[PDB]
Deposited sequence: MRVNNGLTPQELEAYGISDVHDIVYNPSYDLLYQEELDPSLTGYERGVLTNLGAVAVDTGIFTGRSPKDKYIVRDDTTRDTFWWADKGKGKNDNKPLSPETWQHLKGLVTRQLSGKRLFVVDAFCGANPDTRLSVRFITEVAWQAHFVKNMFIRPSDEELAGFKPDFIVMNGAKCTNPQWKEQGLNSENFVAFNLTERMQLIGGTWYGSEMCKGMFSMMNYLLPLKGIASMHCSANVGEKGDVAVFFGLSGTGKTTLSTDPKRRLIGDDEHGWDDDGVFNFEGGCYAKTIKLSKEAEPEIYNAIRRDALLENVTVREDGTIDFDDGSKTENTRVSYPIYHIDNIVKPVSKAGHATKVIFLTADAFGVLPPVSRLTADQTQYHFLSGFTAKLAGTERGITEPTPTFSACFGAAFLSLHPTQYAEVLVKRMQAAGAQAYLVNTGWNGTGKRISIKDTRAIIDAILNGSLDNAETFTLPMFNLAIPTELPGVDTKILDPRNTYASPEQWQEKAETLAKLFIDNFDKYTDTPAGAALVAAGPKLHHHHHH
């Protein structure tokens, strides 16, 4: 608000302050014909501005650091103490990084965006974002919850995010850091600092990481999931790692969207942390994903897409990155929950995975113990298939130990009588990905209760119950062995994958409860 207020954060000599920039002002800022470099936007024929995020086209987990002090020492899940990105940082080194950012933002025109993280007043964070790049302010205006005029009048930040993308750290070698870039958090000062990377989602996932610290410590599940609700009031959540289908599949014309990536689950039900959605656009098909496509219009913000001279978008071009994205406020989707993005208790819990090994079934109904086993496992794979095991389908954002997320999620699911399903949105023996059309039909059958009491057969080794039939889907692909020339091709790959699961899960077996969950995992006692 005032330059004296900004000085309290360490930022000096600010000549122009743009508080709560409007969408109209951000549009004209991005398209200012005198901008240079990665600040510049271009207007597409869809009416949305597109930007280039620079050398970073994704988050940088290797540059993530958390100050280790008496607030975080005994509560945080530290990288140096299972695998995670919560690397410890000294208070002294933090002060050096803070000097870099605050000096970079001193003497600049700054955008200040006030917003909320969390749909519920009783648990939301009030966050103040400070940046010198208009499209970064636009990103957080889209992705966080935009306060009302009454809420702005009494706004009191709980957390400050200072984005110094244009600065770098010359001392990183002597400070033992990964690179000249940094994404750093201090829970004593309640601040996030960013240097070197311009990428906007460091701010979203920085605050998600903070919600992931606070909410489970007070009994509230904090979840990397999309969520929607049917006309009957039945709520579903969709967990999964990146590219597995949370945004694609939750944006469903038969359902009201609650949110697409970050939710809590408290005594009243499931609630969104965010005010927008962050869709993948590589090979985007208007026919397959019409709601996402039709959200790409003025006030959406396209990232890293190829824009031709005539202003048309080549959505198929990944030569800068396969991670092309668009952010938009959530009301760019027609059928959403409003005026607050929340609903009741989830009764369907769907774990999405993209299995590049071609082993897992398109749909399995999970036992209670299998639900815990596969939630802690957090599997997906990419094309030679390369596995990722990321606890809770989102280990990059966990600030507490994985079992603390599992414990509170189990409590919420048991109290609501929820049923869980494992859905392979990836590959089978055809070497092709299951179609969006078939996957949507599988989701329909989960959501309408088709599968809750359906007859099943059991997949060997993983011991997964698979429905014998499903409306709208070719029965043949329900059994993953059927898309190989022989069940023998499937067995070889299944044993490889089972061994990966078993090795990965070992770390959890030093508690009685974790040891007991081994029996719910894949079983392999030869080779």
How would you list, in order, the spans of the deposited sequence that the model does not cover?
1-6, 88-89, 392-399, 544-546
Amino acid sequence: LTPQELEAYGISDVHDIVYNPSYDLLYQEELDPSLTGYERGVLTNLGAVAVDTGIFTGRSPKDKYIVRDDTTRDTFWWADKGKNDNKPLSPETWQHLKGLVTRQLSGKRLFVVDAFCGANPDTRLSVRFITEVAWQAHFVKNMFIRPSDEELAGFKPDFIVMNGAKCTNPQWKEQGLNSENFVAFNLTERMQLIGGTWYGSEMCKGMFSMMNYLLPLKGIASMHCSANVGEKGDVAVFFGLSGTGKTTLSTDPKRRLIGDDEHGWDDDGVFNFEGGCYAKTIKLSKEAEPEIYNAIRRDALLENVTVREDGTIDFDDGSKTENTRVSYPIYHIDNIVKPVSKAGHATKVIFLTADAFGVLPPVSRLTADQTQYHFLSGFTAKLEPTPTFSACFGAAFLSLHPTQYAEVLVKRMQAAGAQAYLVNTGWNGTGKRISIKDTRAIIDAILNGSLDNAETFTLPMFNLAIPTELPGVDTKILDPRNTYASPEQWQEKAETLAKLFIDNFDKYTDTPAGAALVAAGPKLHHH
From here on, numbers count along this sequence of modelled residues.
253-261 versus 325-333: which one carries the higher mean Cα B factor per the record?
253-261
Taking the mean of the C-alpha B-factors per stretch from the entry, tell me the winner out of 493-501 and 55-63.
493-501
Among 288, 223, 413, 420, highest Cα B-factor in the entry goes to 288
Name the one of 461, 26, 42, 466 with the greatest CA B-factor according to the PDB entry.
461
Could you tell me which third, lowest, middle or highest, the C-alpha B-factor of residue 185 occupies within its chain?
lowest
Split into thirds by Cα B-factor across the chain's modelled residues, where does residue 138 land: lowest, middle or highest?
lowest
Would you check the entry's CA temperature factor for residue 111 and let me know if it's in the chain's lowest, middle or highest third?
lowest
Within this chain's modelled residues, let me know which third the CA B factor of residue 426 belongs to: lowest, middle or highest.
highest
On the chain's distribution of Cα B-factors, residue 319 falls within the third called highest
